[PDB]
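All remarks here apply to the structure that follows.
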Amino acid sequence: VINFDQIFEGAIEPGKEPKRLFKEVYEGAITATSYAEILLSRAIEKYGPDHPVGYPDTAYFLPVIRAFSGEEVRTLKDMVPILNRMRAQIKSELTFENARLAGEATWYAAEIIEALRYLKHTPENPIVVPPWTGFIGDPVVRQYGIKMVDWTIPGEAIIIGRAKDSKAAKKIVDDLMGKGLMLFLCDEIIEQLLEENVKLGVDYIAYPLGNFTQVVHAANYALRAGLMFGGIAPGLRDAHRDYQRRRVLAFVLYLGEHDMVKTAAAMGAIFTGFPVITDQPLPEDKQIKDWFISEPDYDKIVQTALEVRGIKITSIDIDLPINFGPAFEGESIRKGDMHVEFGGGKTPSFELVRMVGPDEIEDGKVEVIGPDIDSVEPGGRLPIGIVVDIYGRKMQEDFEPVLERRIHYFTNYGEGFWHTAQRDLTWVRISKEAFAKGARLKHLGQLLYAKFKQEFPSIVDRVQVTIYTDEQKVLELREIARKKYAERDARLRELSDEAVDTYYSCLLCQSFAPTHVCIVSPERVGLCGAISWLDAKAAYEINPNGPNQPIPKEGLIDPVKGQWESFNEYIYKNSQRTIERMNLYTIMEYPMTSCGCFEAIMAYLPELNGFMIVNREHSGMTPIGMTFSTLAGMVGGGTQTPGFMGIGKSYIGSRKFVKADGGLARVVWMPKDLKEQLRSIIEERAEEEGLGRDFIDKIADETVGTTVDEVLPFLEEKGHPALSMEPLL
Ligand code: SF4
Ligand code: NI
Ligand code: NI
């Protein structure tokens, strides 16, 4: 029902087909299929029809075939019918559809030729040697293709052929790897880059697959994503094509002299929705308007690819003493190696983002008031304050908090920087090697300016940074930052589910939980715990086309359970028609689904007439007879699970917390540490609900027991209200 081919309509005017390209693709597809046929015939003559065939370290047989038509190739005989079908779909009528079919058949033939090549592979005598990868194993696909489909990797570049010269290859490839794109390299371009001393490999997500049919090892890798994270069934061809077009932002760079087989493989990439850009000049009758295009100028080539693919690159190269990269963010200056820590010892510290007018401040201002880092011996400590001023043609005060949390990430983006927490509690810290390598505060303010200009092109125009280090001035501005925090917290305090007419979807976790849809409301945070209603609203207003969308409350169904037709229909359209109803205020009937990053899991226990809760960090056994990870396997994945629900921790303190199930009064068990961490909001909420300030003492924890038999006598002795409430069954 997908009708994927819609996407190609209008690429070609009627009667104006690029017939030379289609003739080349047809000859190349017949050639590749003939190669595969005769090679399979000789393999069967040599080993027998029932001989095993396959790739190392994969659960998906021949993944391209397994996805597009579903066969689980395991022996040579299995390939025989497939090739027949492929030959039948290579048709001589010179249409764009027949060209796409011929490209699909070329992918099938290359996949078969590669598996036949692996007939001689053993771990003791590999056919793959460094630096080439050949077929890439499933574990690499898990680890990096999850980032490929959530778009933390901006895109993928499939480069076949050669660049005009080795330095031009190094130029475009250093450009692409510096913009973070994953690279699949096939043929002589590998040797070009290697003589230019470019590092390459799986650790750099630059895979030198090999030559000729090895290009298919990009395709199967891509298609395994759809088999693996998308959950699409084997043989659902158009569903896999749509998933590739939608999630895998890949394109082909077809460099060097054309040959018919490479062109047929590029047409197969077009068949699954990947545009091809070539450096060769093309006549009009050998090109397609948005799919097979010439960009001879190398200075532009990369740009054109991204523009045709819809990729939007954030990154910008910048002149810094210190190398900047995300991978450092796990670094820590443990107490043996602390250099110049700020904050947390009651040493003053603060951070703030603030909107401003246009003509009272200038772009690029970067000031470091007071002492720099030069003023201390190792092991020292100074007070620090920050100001990041922003003007934008579209900027709003609403965006200010959403940017502040980013400075956290920004500061850990380079070596020797370490920031945890936020606002007045900004535990800023510096490493000794960084001030050994000569980095100072001015470069860090430049780093914040550069990242703010990179990540928000639509909204920020004229931004500047000013740091302060005086112990007295830092407090003078800490007070004003407190005033800003206070007006923001007051605006947050105003919000209730009833005070707003619109909730916000979150689809961010469909990268690994395709049927899951979050609905964020003012009194129910996203179950990851990191997306509030204000956050999803600002993310939509910044990026209207993004994964957070407004949903008006329309079509009321259940006033008490919290069901509306608008939320039902949005979830149904975005859950692949698997979820039809959702109740906001209960877990016992049509609960919201979960992905898998939930901070805690609730479960109803009829034996205790109430809810247990267990946070992700708790590793002990729970009264339901399972630990958190066992329950997580059953509660996540976008499936509706009445009696169970994933939640953020702060939701436990919401006034709306499972209000139709009895709310906080219904909670009978949670881990002791989670109870202590939430003790204040639990005490407040139980007080205003009439349960008493002491209600938290009635909640059982693991020190009372881990089974219902141990827990019930405690609940009876304490008079826990849930025992007098209606059973929820
Ligand atoms: S848990 Fe929900 S709100 Fe949080 S990122 Fe995932 S989909 Fe979005
Ligand atoms: Ni999740
Ligand atoms: Ni999630």
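Positions are given from 1 along the sequence. Order of appearance sets the numbers: ligands from 1, and atoms from 1 within every ligand. Just so it is clear, the values below take in all heavy atoms, side chains as well, and ignore hydrogens, waters and symmetry mates.
- Between the side chain of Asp242 and the backbone N or O of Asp238, no donor-acceptor pair lies under 3.5 Å.
- Atoms of the protein (N, O or S only) found under 2.8 Å from the Ni ion (ligand 3) are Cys509 SG, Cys595 SG, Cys597 SG.
- Neither the backbone nor the side chain of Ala530 has any atom closer than 4.0 Å to an atom of ligand 1 (non-hydrogen atoms only).
- Ring orientation note: the planes of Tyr409 and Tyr413 are tilted relative to one another, at an angle of 30° to 60°.
- Tally of protein N, O or S atoms closer to atom 8 (Fe) of ligand 1 than 2.8 Å: 1.
- The shortest distance between side-chain heavy atoms of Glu404 and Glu351 falls below 4.5 Å.
- In this structure, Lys147 forms a cation-pi arrangement with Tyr144, its terminal cationic atom sitting closer than 6.0 Å to the ring centre and no more than 45° off the ring axis.
- Using a 4.0 Å cut-off between a side-chain N of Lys or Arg and a carboxylate O of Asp or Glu, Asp535 and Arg405 qualify as a salt bridge.
- At least one test fails for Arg224 against the ring of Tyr60: distance under 6.0 Å to the centre or angle within 45° of the axis.
- Side chain of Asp558 to main chain of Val560: a donor-acceptor pair is present (N/O by atom type, distance under 3.5 Å, no hydrogens or angles).
- Listed by atom number, the atoms of ligand 1 under 4.0 Å from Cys597 heavy atoms are 1 (S).
- Remark: the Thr586 side chain and the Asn583 side chain contain no N/O donor-acceptor pair separated by less than 3.5 Å.
- Note that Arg524 lies in the cation-pi zone of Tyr651, set by a 6.0 Å cut-off to the ring centre and a 45° limit from the axis.
- Aromatic ring orientation, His240 versus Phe68: perpendicular (interplanar angle above 60°, classes split at 30° and 60°).
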